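Novice: One structure, pasted below without further comment.
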Amino acid sequence: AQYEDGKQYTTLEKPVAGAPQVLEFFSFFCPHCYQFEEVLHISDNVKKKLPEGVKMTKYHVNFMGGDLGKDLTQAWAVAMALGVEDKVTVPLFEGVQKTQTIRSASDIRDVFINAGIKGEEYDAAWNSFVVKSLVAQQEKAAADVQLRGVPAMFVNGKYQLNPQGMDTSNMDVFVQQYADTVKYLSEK
């Protein structure tokens, strides 16, 4: 077949009931994630090919970068609660991997301030139970799939993308193969 289990994707032994349709995991410490966001724009090209009625979810993980890793998962909860993902993703990636100006929670906070979220608004979010539950959701979803590596994408809680088995000679071709694979899996 043209799409083979074990080739462009793998099947979960232990399928995850009720999971989001397209579920993506990343870390601001993760170098392929930087690439996926800044150079390849994976999330975006997947969206552009997904059917109608299919929502896309993206979660941060704790297992990279120790304490800062966890702060970042809480900051991403804040970003999701306020709907400001599109305004903080690039500066968080660049602050962590390019400029190395993010070394503490206060430095994470600065990124939001500079992006125009009000201090007051950020700190209230940071400390809110709605954000605590959003952190729990991120952790649970990673836990439900035994996640030890990022970037990762799961379709309908049963299929996991396998980019290792795709040509990387041309970046554009890679992205389309990736998005086309998500679409195929979505229709499965």
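So you can find residues: chains in the structure tokens are A, B, ... in the order shown, residues in each start at 1, and ligands are numbered from 1 in order.
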Show me, as a list in words, the residues that have an atom within 7 Å of region 165-175 of chain A when counting only C-alpha atoms, minus same-chain residues fewer than 6 positions from it.
Specialist: residues 7, 8, 40 and 42 of chain A
Novice: Return as a ChimeraX atom specification the full set of residues in region 16-187 of chain A whose backbone-based DSSP assignment is strand (DSSP E or B).
Specialist: /A:22-26,56-60,152-155,159-161
Novice: From the set A:80, A:30, A:179, A:143, which residue has the shortest atom-to-atom contact distance to residue 64 (chain A), counting only C-alpha atoms?
Specialist: A:30
Novice: Residue 153 (chain A): which residues within 7 Å, counting only C-alpha atoms, same-chain residues fewer than 3 positions away excluded, as a PyMOL selection string?
Specialist: chain A and resi 23-25+160-161
Novice: What is the CA of residue 88 (chain A) to CA of residue 106 (chain A) distance in Å?
Specialist: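 Value for the CA of residue 88 (chain A)-CA of residue 106 (chain A) distance: 14.4 Å.
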Novice: With only C-alpha atoms as the counted atoms, please give the residues lying no more than 12 Å from residue 44 (chain A), apart from itself and same-chain residues fewer than 3 positions off, as a PyMOL selection string.
Specialist: chain A and resi 24+36-41+47-50+56-58+86+175-176+178-179
Novice: Save out the residues we just selected, N, CA, C and O atoms, as a short mmCIF file (atom, residue, chain, number, x, y, z; two decimals), in the first residue's frame.
Specialist:
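And here's out.cif as it stands now:
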```cif
data_model
loop_
_atom_site.label_atom_id
_atom_site.label_comp_id
_atom_site.auth_asym_id
_atom_site.auth_seq_id
_atom_site.Cartn_x
_atom_site.Cartn_y
_atom_site.Cartn_z
N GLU A 24 -0.96 17.46 18.92
CA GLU A 24 0.46 17.70 18.70
C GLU A 24 1.22 17.99 20.03
O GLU A 24 0.72 18.72 20.89
N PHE A 36 10.01 22.69 13.18
CA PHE A 36 8.61 22.40 12.85
C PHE A 36 7.79 23.67 12.88
O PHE A 36 6.81 23.83 12.14
N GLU A 37 8.16 24.56 13.79
CA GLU A 37 7.43 25.81 13.95
C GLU A 37 7.95 26.90 13.00
O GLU A 37 7.17 27.50 12.25
N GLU A 38 9.25 27.15 13.04
CA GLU A 38 9.83 28.31 12.37
C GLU A 38 10.17 28.11 10.90
O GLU A 38 10.01 29.02 10.10
N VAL A 39 10.63 26.91 10.55
CA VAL A 39 11.07 26.64 9.18
C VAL A 39 10.05 25.88 8.34
O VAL A 39 9.90 26.15 7.14
N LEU A 40 9.39 24.89 8.95
CA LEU A 40 8.49 24.01 8.22
C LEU A 40 7.03 24.42 8.37
O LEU A 40 6.22 24.15 7.48
N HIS A 41 6.68 25.07 9.47
CA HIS A 41 5.31 25.50 9.69
C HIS A 41 4.34 24.31 9.57
O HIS A 41 3.31 24.37 8.89
N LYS A 47 -3.20 22.03 9.07
CA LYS A 47 -4.49 22.71 9.12
C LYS A 47 -5.04 22.96 7.72
O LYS A 47 -6.20 22.67 7.44
N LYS A 48 -4.19 23.48 6.84
CA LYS A 48 -4.59 23.83 5.48
C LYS A 48 -5.10 22.64 4.66
O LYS A 48 -5.74 22.82 3.64
N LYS A 49 -4.83 21.42 5.11
CA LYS A 49 -5.25 20.25 4.36
C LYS A 49 -6.30 19.43 5.10
O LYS A 49 -6.88 18.52 4.52
N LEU A 50 -6.49 19.72 6.38
CA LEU A 50 -7.51 19.01 7.16
C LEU A 50 -8.91 19.33 6.66
O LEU A 50 -9.19 20.46 6.25
N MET A 56 -7.70 21.16 16.02
CA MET A 56 -6.29 20.88 16.25
C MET A 56 -5.86 21.33 17.63
O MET A 56 -6.10 22.47 18.03
N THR A 57 -5.21 20.43 18.35
CA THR A 57 -4.74 20.72 19.70
C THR A 57 -3.21 20.65 19.79
O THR A 57 -2.58 19.81 19.15
N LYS A 58 -2.60 21.57 20.53
CA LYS A 58 -1.14 21.54 20.71
C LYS A 58 -0.75 21.74 22.17
O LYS A 58 -1.17 22.70 22.79
N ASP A 86 -0.37 32.49 19.12
CA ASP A 86 0.26 33.01 17.90
C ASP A 86 1.20 34.18 18.16
O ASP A 86 2.02 34.50 17.30
N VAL A 175 7.09 18.46 4.23
CA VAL A 175 5.91 19.03 4.85
C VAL A 175 4.62 18.51 4.20
O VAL A 175 3.70 18.08 4.89
N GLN A 176 4.54 18.53 2.87
CA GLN A 176 3.32 18.04 2.22
C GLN A 176 3.07 16.55 2.48
O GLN A 176 1.93 16.12 2.67
N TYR A 178 3.92 14.98 5.10
CA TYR A 178 3.50 14.96 6.48
C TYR A 178 2.02 15.35 6.58
O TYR A 178 1.23 14.63 7.18
N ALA A 179 1.65 16.47 5.98
CA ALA A 179 0.26 16.93 6.03
C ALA A 179 -0.70 15.93 5.33
O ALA A 179 -1.77 15.64 5.84
#
```
Novice: Identify, with DSSP run on backbone atoms, the residues in region 12-116 of chain A assigned to helix (DSSP H, G or I), and express the list as a ChimeraX atom specification.
Specialist: /A:31-38,42-47,66-82,85-98,105-114
Novice: Excluding region 109-112 of chain A and residues on its chain fewer than 6 positions from it, collect all residues at most 9 Å away from it, counting only C-alpha atoms, and give them as a count of residues only.
Specialist: 13
Novice: For residue 158 (chain A), find every residue with an atom within 9 Å (counting only C-alpha atoms), except residues of its own chain fewer than 6 positions away, and show them as a list in words.
Specialist: residues 10, 11, 12, 13, 14, 15, 16, 17 and 19 of chain A
Novice: What does the file look like for those residues with N, CA, C and O atoms, as a compact mmCIF listing (two decimals), in the first residue's frame?
Specialist:
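See again_23.txt below for the written result:
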```txt
# COMPACT_ATOMS: atom_id res chain seq x y z
N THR A 10 2.71 4.94 12.89
CA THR A 10 2.68 3.72 13.68
C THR A 10 1.32 3.69 14.34
O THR A 10 0.64 4.71 14.42
N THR A 11 0.88 2.51 14.76
CA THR A 11 -0.41 2.40 15.42
C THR A 11 -0.19 2.18 16.90
O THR A 11 0.69 1.42 17.28
N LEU A 12 -0.97 2.87 17.73
CA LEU A 12 -0.86 2.68 19.16
C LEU A 12 -1.42 1.31 19.53
O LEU A 12 -2.52 0.96 19.13
N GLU A 13 -0.61 0.56 20.27
CA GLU A 13 -1.03 -0.66 20.95
C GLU A 13 -2.28 -0.42 21.77
O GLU A 13 -3.22 -1.22 21.78
N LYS A 14 -2.28 0.72 22.44
CA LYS A 14 -3.23 1.05 23.48
C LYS A 14 -3.98 2.32 23.12
O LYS A 14 -3.64 3.40 23.60
N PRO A 15 -4.98 2.22 22.24
CA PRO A 15 -5.64 3.40 21.68
C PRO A 15 -6.29 4.24 22.77
O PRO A 15 -6.83 3.70 23.74
N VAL A 16 -6.24 5.55 22.59
CA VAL A 16 -6.69 6.50 23.60
C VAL A 16 -8.07 7.05 23.28
O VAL A 16 -8.24 7.97 22.48
N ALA A 17 -9.07 6.47 23.94
CA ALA A 17 -10.45 6.90 23.81
C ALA A 17 -10.63 8.38 24.13
O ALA A 17 -10.02 8.90 25.06
N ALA A 19 -9.69 11.02 22.84
CA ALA A 19 -8.56 11.91 22.56
C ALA A 19 -8.93 12.93 21.49
O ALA A 19 -9.82 12.69 20.69
```
Novice: Just how far from CA of residue 35 (chain A) is CA of residue 59 (chain A), in Å to one decimal?
Specialist: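 Separation between CA of residue 59 (chain A) and CA of residue 35 (chain A): 16.5 Å.
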